[PDB]
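Presented below, as structure tokens, is a lone chain in the form deposited without the named molecule.
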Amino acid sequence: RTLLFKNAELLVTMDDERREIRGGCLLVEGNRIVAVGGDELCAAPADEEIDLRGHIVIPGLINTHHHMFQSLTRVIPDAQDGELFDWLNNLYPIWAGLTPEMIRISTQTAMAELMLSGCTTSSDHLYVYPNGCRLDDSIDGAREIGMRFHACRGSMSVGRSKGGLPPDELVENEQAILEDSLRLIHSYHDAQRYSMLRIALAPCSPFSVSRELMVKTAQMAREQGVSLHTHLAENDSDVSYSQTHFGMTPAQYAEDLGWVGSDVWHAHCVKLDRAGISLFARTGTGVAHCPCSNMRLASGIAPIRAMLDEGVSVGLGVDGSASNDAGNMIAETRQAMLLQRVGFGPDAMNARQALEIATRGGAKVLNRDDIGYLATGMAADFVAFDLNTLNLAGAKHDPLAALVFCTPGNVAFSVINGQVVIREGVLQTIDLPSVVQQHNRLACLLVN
């Protein structure tokens, strides 16, 4: 089954030559791209043909950190302002009322926002399982909306009966965690090229569980070929806690647990030291940059430019909607460029460097070689922005930079795994007005 995107004003490929093709054309069969180029690919009819004049086509953005259940709890009044301590203490007793239907809908809500703002692959970090919630419920929602999903079995063990902050209803026994995590891997992990569903193992933070679960998790992930994800060094407290309790820097504590390698990626890394950047570069460890979260939570300016210069694989993440509180992937791309410039100078990040993090960087951090750019044999994952909107008026001097320097609206078109999921700005895979409405009634229900 064939799909032809023809005569885009600018087809950004992100391929090995970083081709930016004027009048560029894209030919798809099934889930993969057959060729990127020009009018040469239009001479035969295709089962579907979509004119893309006046549009920029880019590879689909890849979101590499999230907490989609938190899209049910944005701007909770008690949590909008204050210290991360009050943030957790105010939000945990609420999240203790999450029901499996809420995980299933809240996955689609968060996913719809990312998709309409240009994202074709996302991870999630669901690490709470009250009232019979399961990673399966999140997966059911991802399958319905058609997004490429990296589901993380997040976990927590240290609750209030062990000196921790999470209530006891929101922690679990480490043996039950390893057993659910292995059941999830066996039931959902597709390791083949163009997989639409993959599992990674992901304790919430190296301090939310025992060191034994950190090591046992990595052993299991290595045995099964899945990735490892966690929160690492997102603020000053993280650094102090690691030095005070384990006498190590967060990077050193990470290396010590086996949690380095191209099958690992750490979220935030705002306070990664120079030695930790060197370590992550030579072992291939990835970082998920969450610039809006780092600002909205007063975490800091991660040394992203320092990491890229030294060779670190960096992807982009919006983080949970209680710590952003938006899910706008292209705006997060914009934000990474703005925040890097104000922290490190007028040469710290341009439009193409940001967009590369949001595409190739995310694929690398998720340990995937089949997404992130547009070339023969790659997954058919791309979006298209209308260039004649008011938002981009006067910015056609560079359609690629226009997306990062201006604030565009929704994408016009989106193709995930070869399937046209957004047409003229309308989500095709779900009844979006109905899901949004349902989402808001559960959020009202969850909060009261």
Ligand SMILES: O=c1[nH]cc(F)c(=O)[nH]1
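A residue's number is simply how far along the shown sequence it sits, counting from 1.
Heads up, the form deposited with the named molecule bound isn't pictured, but that's what we're talking about next.
Heavy atoms within 4.5 Å of the named molecule in the deposited bound form map, among the stretches 73 to 81, 275 to 283, 88 to 96, 348 to 356, onto 88 to 96 alone. In the deposited bound form, the named molecule sits within 4.5 Å of a heavy atom of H67. The shortest heavy atom separation between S323 and the named molecule in the deposited bound form is within 4.5 Å. None of the heavy atoms of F149 is located within 4.5 Å of the named molecule in the deposited bound form.
With a 4.5 Å cutoff on heavy atoms, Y129 does not count as touching the named molecule in the deposited bound form; it lies far away.
Shown here without its partner, the chain carries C204, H231 and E234, all of which come within 4.5 Å of the named molecule in the deposited bound form through at least one heavy atom. Of the listed positions (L339, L297, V239, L308), a single one reaches within 4.5 angstroms of the named molecule by any non-hydrogen atom in the deposited bound form, namely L297.
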